[PDB]
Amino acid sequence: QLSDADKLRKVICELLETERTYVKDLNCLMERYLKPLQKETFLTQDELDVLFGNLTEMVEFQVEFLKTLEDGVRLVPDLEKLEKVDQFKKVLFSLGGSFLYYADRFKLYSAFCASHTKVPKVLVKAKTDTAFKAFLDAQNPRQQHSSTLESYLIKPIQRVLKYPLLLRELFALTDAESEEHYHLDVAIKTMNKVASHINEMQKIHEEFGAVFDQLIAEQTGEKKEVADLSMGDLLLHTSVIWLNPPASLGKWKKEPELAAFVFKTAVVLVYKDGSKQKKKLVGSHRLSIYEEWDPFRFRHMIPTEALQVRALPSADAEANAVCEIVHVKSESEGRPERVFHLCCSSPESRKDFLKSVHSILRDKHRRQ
């Protein structure tokens, strides 16, 4: 015969208890497997990078988030004494607060989720190198699956997505007319957006991760001027029309379309246009003649350091959806100016695109 008060206390406790656990697991992953792996020859630097991945950043962040929860639950002497959900106002308020405050740093998870894509392929190397397999087992004495490296590296991805569930429970135990109720509802919508955002970021990574990687590496003789197009720094992505395409493309497609990405560290343009792997009725092999000319098409990365942006003036301005991204020239290095005339899908899109680009330039200015 548990009262709403009891139920509420339960949820508040589950949230806090599981968070303490998660933080501990997070530290445990760091100490038990990752650090000791750096001091090894098993994996390459790249392989180690896939495993770690902003984890150190994630822990610092998570630790701070936990403190806020710890504090918030202490805004009252003893929850166990409260008999009315109404008596938890202070705590509910503070907890919900923690999510609103951290909602944005939680987007850092999309970074982890992107690299976790490479986790499987790397761990399936233990099946190969007896030496490596040996190390892992050594770190997992209890011979418990829930303690294997794969079990830890999935926890982050599970944890964020649990938050909205816990919140919806607190939500259901509060009067539909109260502010506590309304507040939680705000907390929930927020976190769902976080989740939804992580998902959207993943969808992008699935489709362009490859290209983004090629751009980071292959960095034209440069010694890594950017070296980092993390999904944690993607501020905005949109589809735009390339008005001034090279003669090859332009002469065949009136107005080619590019995928634009505004990262804190650069602006990326990528030509998509997909029409393959369609229509079962088709013969390729080699006697197909046409089709299959080259894997990729057009990609290009403009570092913030050389990124210049001017929104083109129009007769009927405020309605114009055109603007241009410029990859400034370089006397040294011997690199000519590159200009891209891009037409957004709408004035709002242009508004947001430019706002976004200016943003990375503004901040770049700060640091430098």
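We number the residues from 1 along the sequence you see.
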(request) Going by the average Cα B-factor in the PDB entry, point out whether 48-56 or 299-307 comes out higher. (result) 48-56
(request) Can you let me know which of the two, 356-364 or 13-21, has the higher average C-alpha B-factor in the entry? (result) 356-364
(request) Specify which of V339, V63, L69, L43 carries the largest Cα B factor in the deposited PDB entry. (result) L43
(message) Using only the C-alpha B-factors in the record, can you name which of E180, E169, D129, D233 has the highest?
(response) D129
(request) Sort the modelled residues of this chain by their C-alpha B factor and say whether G221 lands in the lowest, middle or highest third. (result) highest
(request) Tell me, lowest, middle or highest third: where does the Cα B factor of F112 rank within its chain? (result) lowest
(message) Splitting the chain's C-alpha B-factors into thirds, which one does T238 fall into?
(response) lowest
(request) Name the third of the chain's ranked CA B-factors that contains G97, choosing lowest, middle or highest. (result) lowest
(message) What third of the chain does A103 rank in for C-alpha temperature factor, lowest, middle or highest?
(response) lowest
